[PDB]
>>> print(open('model36.pdb').read())   # PDB, N, CA, C and O atoms
ATOM      1  N   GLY A   1     101.047  89.980  38.866
ATOM      2  CA  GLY A   1      99.958  89.098  39.372
ATOM      3  C   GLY A   1     100.470  88.031  40.322
ATOM      4  O   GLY A   1     101.678  87.857  40.471
ATOM      5  N   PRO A   2      99.562  87.293  40.986
ATOM      6  CA  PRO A   2      99.942  86.235  41.927
ATOM      7  C   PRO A   2     100.548  85.024  41.226
ATOM      8  O   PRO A   2     101.391  84.326  41.788
ATOM      9  N   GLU A   3     100.111  84.781  39.995
ATOM     10  CA  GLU A   3     100.610  83.654  39.215
ATOM     11  C   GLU A   3     102.003  83.943  38.670
ATOM     12  O   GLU A   3     102.946  83.188  38.906
ATOM     13  N   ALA A   4     102.118  85.044  37.941
ATOM     14  CA  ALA A   4     103.391  85.446  37.357
ATOM     15  C   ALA A   4     104.459  85.613  38.431
ATOM     16  O   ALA A   4     105.643  85.388  38.184
ATOM     17  N   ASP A   5     104.031  86.004  39.627
ATOM     18  CA  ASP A   5     104.952  86.196  40.741
ATOM     19  C   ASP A   5     105.549  84.866  41.183
ATOM     20  O   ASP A   5     106.742  84.773  41.475
ATOM     21  N   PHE A   6     104.711  83.835  41.229
ATOM     22  CA  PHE A   6     105.153  82.506  41.632
ATOM     23  C   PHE A   6     106.128  81.928  40.609
ATOM     24  O   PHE A   6     107.234  81.516  40.956
ATOM     25  N   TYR A   7     105.707  81.901  39.350
ATOM     26  CA  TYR A   7     106.543  81.375  38.275
ATOM     27  C   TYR A   7     107.841  82.168  38.156
ATOM     28  O   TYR A   7     108.878  81.628  37.773
ATOM     29  N   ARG A   8     107.776  83.453  38.488
ATOM     30  CA  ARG A   8     108.948  84.319  38.417
ATOM     31  C   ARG A   8     109.994  83.903  39.446
ATOM     32  O   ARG A   8     111.123  83.554  39.095
ATOM     33  N   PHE A   9     109.610  83.940  40.717
ATOM     34  CA  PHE A   9     110.512  83.566  41.800
ATOM     35  C   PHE A   9     111.006  82.133  41.629
ATOM     36  O   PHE A   9     112.205  81.869  41.694
ATOM     37  N   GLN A  10     110.074  81.212  41.412
ATOM     38  CA  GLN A  10     110.416  79.805  41.234
ATOM     39  C   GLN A  10     111.370  79.615  40.056
ATOM     40  O   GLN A  10     112.243  78.749  40.085
ATOM     41  N   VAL A  11     111.194  80.432  39.023
ATOM     42  CA  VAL A  11     112.035  80.356  37.836
ATOM     43  C   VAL A  11     113.485  80.694  38.169
ATOM     44  O   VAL A  11     114.389  79.884  37.962
ATOM     45  N   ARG A  12     113.694  81.901  38.673
ATOM     46  CA  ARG A  12     115.032  82.364  39.028
ATOM     47  C   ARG A  12     115.553  81.664  40.280
ATOM     48  O   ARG A  12     116.669  81.144  40.290
ATOM     49  N   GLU A  13     114.744  81.658  41.335
ATOM     50  CA  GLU A  13     115.130  81.024  42.593
ATOM     51  C   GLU A  13     115.544  79.570  42.379
ATOM     52  O   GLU A  13     116.326  79.020  43.154
ATOM     53  N   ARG A  14     115.016  78.954  41.326
ATOM     54  CA  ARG A  14     115.336  77.563  41.018
ATOM     55  C   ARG A  14     116.841  77.373  40.841
ATOM     56  O   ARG A  14     117.530  76.925  41.758
ATOM     57  N   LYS A  15     117.346  77.718  39.660
ATOM     58  CA  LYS A  15     118.770  77.584  39.367
ATOM     59  C   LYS A  15     119.071  77.985  37.927
ATOM     60  O   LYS A  15     118.179  78.407  37.190
ATOM     61  N   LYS A  16     120.333  77.850  37.532
ATOM     62  CA  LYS A  16     120.752  78.196  36.179
ATOM     63  C   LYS A  16     121.742  77.169  35.636
ATOM     64  O   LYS A  16     122.823  76.979  36.196
ATOM     65  N   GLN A  17     121.364  76.506  34.547
ATOM     66  CA  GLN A  17     122.219  75.497  33.932
ATOM     67  C   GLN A  17     122.573  75.883  32.500
ATOM     68  O   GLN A  17     123.735  76.148  32.187
ATOM     69  N   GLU A  18     121.567  75.911  31.632
ATOM     70  CA  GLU A  18     121.773  76.262  30.231
ATOM     71  C   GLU A  18     122.384  77.654  30.104
ATOM     72  O   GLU A  18     123.399  77.838  29.433
ATOM     73  N   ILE A  19     121.758  78.630  30.753
ATOM     74  CA  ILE A  19     122.241  80.004  30.712
ATOM     75  C   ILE A  19     123.651  80.111  31.284
ATOM     76  O   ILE A  19     124.410  81.012  30.925
ATOM     77  N   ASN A  20     123.997  79.187  32.176
ATOM     78  CA  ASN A  20     125.317  79.179  32.796
ATOM     79  C   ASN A  20     126.409  78.992  31.748
ATOM     80  O   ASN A  20     127.235  79.880  31.531
ATOM     81  N   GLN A  21     126.408  77.832  31.100
ATOM     82  CA  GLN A  21     127.399  77.528  30.074
ATOM     83  C   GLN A  21     127.328  78.539  28.934
ATOM     84  O   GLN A  21     128.351  78.916  28.360
ATOM     85  N   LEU A  22     126.116  78.976  28.610
ATOM     86  CA  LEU A  22     125.912  79.943  27.540
ATOM     87  C   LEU A  22     126.668  81.238  27.828
ATOM     88  O   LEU A  22     127.445  81.712  27.002
ATOM     89  N   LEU A  23     126.434  81.801  29.009
ATOM     90  CA  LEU A  23     127.092  83.039  29.409
ATOM     91  C   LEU A  23     128.608  82.856  29.441
ATOM     92  O   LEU A  23     129.358  83.750  29.050
ATOM     93  N   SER A  24     129.049  81.693  29.909
ATOM     94  CA  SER A  24     130.474  81.394  29.989
ATOM     95  C   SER A  24     131.112  81.449  28.606
ATOM     96  O   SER A  24     132.216  81.970  28.439
ATOM     97  N   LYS A  25     130.406  80.915  27.619
ATOM     98  CA  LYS A  25     130.895  80.904  26.247
ATOM     99  C   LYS A  25     131.011  82.325  25.712
ATOM    100  O   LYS A  25     132.032  82.706  25.139
ATOM    101  N   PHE A  26     129.956  83.104  25.911
ATOM    102  CA  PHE A  26     129.930  84.490  25.459
ATOM    103  C   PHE A  26     131.083  85.275  26.074
ATOM    104  O   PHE A  26     131.725  86.086  25.404
ATOM    105  N   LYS A  27     131.344  85.021  27.351
ATOM    106  CA  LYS A  27     132.424  85.698  28.057
ATOM    107  C   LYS A  27     133.766  85.356  27.426
ATOM    108  O   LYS A  27     134.603  86.231  27.206
ATOM    109  N   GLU A  28     133.959  84.078  27.125
ATOM    110  CA  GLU A  28     135.195  83.617  26.506
ATOM    111  C   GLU A  28     135.431  84.347  25.191
ATOM    112  O   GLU A  28     136.549  84.768  24.889
ATOM    113  N   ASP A  29     134.363  84.505  24.417
ATOM    114  CA  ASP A  29     134.444  85.196  23.139
ATOM    115  C   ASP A  29     134.804  86.658  23.350
ATOM    116  O   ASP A  29     135.553  87.242  22.569
ATOM    117  N   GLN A  30     134.276  87.244  24.417
ATOM    118  CA  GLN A  30     134.559  88.633  24.734
ATOM    119  C   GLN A  30     136.020  88.796  25.139
ATOM    120  O   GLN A  30     136.622  89.851  24.934
ATOM    121  N   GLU A  31     136.582  87.735  25.713
ATOM    122  CA  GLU A  31     137.966  87.744  26.150
ATOM    123  C   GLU A  31     138.910  87.744  24.955
ATOM    124  O   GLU A  31     139.797  88.594  24.850
ATOM    125  N   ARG A  32     138.712  86.793  24.049
ATOM    126  CA  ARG A  32     139.549  86.700  22.863
ATOM    127  C   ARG A  32     139.366  87.936  22.001
ATOM    128  O   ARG A  32     140.336  88.545  21.559
ATOM    129  N   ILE A  33     138.114  88.309  21.781
ATOM    130  CA  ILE A  33     137.786  89.484  20.984
ATOM    131  C   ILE A  33     138.522  90.710  21.507
ATOM    132  O   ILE A  33     139.106  91.475  20.737
ATOM    133  N   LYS A  34     138.496  90.887  22.821
ATOM    134  CA  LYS A  34     139.166  92.014  23.448
ATOM    135  C   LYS A  34     140.661  91.975  23.156
ATOM    136  O   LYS A  34     141.261  92.991  22.806
ATOM    137  N   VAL A  35     141.256  90.793  23.288
ATOM    138  CA  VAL A  35     142.678  90.625  23.017
ATOM    139  C   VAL A  35     142.995  91.016  21.579
ATOM    140  O   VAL A  35     143.976  91.710  21.311
ATOM    141  N   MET A  36     142.148  90.568  20.658
ATOM    142  CA  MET A  36     142.316  90.867  19.243
ATOM    143  C   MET A  36     142.243  92.371  19.000
ATOM    144  O   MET A  36     142.973  92.914  18.172
ATOM    145  N   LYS A  37     141.354  93.037  19.731
ATOM    146  CA  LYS A  37     141.183  94.475  19.601
ATOM    147  C   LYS A  37     142.359  95.220  20.226
ATOM    148  O   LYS A  37     142.736  96.300  19.769
ATOM    149  N   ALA A  38     142.935  94.633  21.272
ATOM    150  CA  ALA A  38     144.069  95.231  21.963
ATOM    151  C   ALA A  38     143.706  96.588  22.559
ATOM    152  O   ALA A  38     143.446  96.699  23.757
ATOM    153  N   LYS A  39     143.689  97.618  21.719
ATOM    154  CA  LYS A  39     143.356  98.965  22.166
ATOM    155  C   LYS A  39     141.845  99.145  22.270
ATOM    156  O   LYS A  39     141.082  98.196  22.092
ATOM    157  N   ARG A  40     141.418 100.371  22.559
ATOM    158  CA  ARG A  40     139.997 100.679  22.687
ATOM    159  C   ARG A  40     139.228 100.246  21.441
ATOM    160  O   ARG A  40     139.823  99.940  20.408
ATOM    161  N   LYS A  41     137.903 100.223  21.548
ATOM    162  CA  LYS A  41     137.054  99.827  20.432
ATOM    163  C   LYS A  41     136.639 101.043  19.609
ATOM    164  O   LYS A  41     135.455 101.249  19.338
ATOM    165  N   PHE A  42     137.621 101.847  19.213
ATOM    166  CA  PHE A  42     137.359 103.042  18.420
ATOM    167  C   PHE A  42     138.316 103.131  17.236
ATOM    168  O   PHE A  42     139.335 102.439  17.196
ATOM    169  N   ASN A  43     137.982 103.985  16.275
ATOM    170  CA  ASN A  43     138.813 104.165  15.090
ATOM    171  C   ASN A  43     139.569 105.492  15.150
ATOM    172  O   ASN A  43     138.991 106.553  14.920
ATOM    173  N   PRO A  44     140.878 105.451  15.459
ATOM    174  CA  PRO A  44     141.705 106.661  15.545
ATOM    175  C   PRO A  44     141.726 107.435  14.233
ATOM    176  O   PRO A  44     141.890 108.655  14.222
ATOM    177  N   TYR A  45     141.559 106.717  13.128
ATOM    178  CA  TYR A  45     141.556 107.335  11.807
ATOM    179  C   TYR A  45     140.726 106.514  10.826
ATOM    180  O   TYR A  45     140.851 105.291  10.762
ATOM    181  N   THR A  46     139.879 107.195  10.061
ATOM    182  CA  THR A  46     139.028 106.528   9.083
ATOM    183  C   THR A  46     138.944 107.338   7.793
ATOM    184  O   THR A  46     138.233 108.365   7.786
TER     185      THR A  46
END
>>> encode(input="model36.pdb", output="structure tokens")
Amino acid sequence: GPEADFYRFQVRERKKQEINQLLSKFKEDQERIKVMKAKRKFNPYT
């Protein structure tokens, strides 16, 4: 619609603050987690 279209563009086109730091944190966790996992995320033997 014409309304949802405006709020949509204005929403994203605006900027990102909260989601910024949030995503950064998640990424950091993915970094450490990956290091902890070392190898692939699979079970060679179970």
>>> select_by_dssp(input="model36.pdb", residues="chain A", states="helix (DSSP H, G or I)", output="MDAnalysis selection string")
chainID A and resid 2:14 18:37
>>> atom_distance(input="model36.pdb", atom1="CA of residue 6 in chain A", atom2="atom O of residue 21 in chain A")
27.0 Å
>>> atom_distance(input="model36.pdb", atom1="atom N of residue 45 in chain A", atom2="CA of residue 33 in chain A")
19.3 Å
>>> axis_aligned_box(input="model36.pdb", around="range 7-26 of chain A", padding_each_side="4 Å", output="AutoDock Vina command-line options")
--center_x 119.0 --center_y 80.8 --center_z 34.1 --size_x 34.5 --size_y 18.6 --size_z 26.0
>>> atom_distance(input="model36.pdb", atom1="CA of residue 28 in chain A", atom2="CA of residue 41 in chain A")
17.4 Å
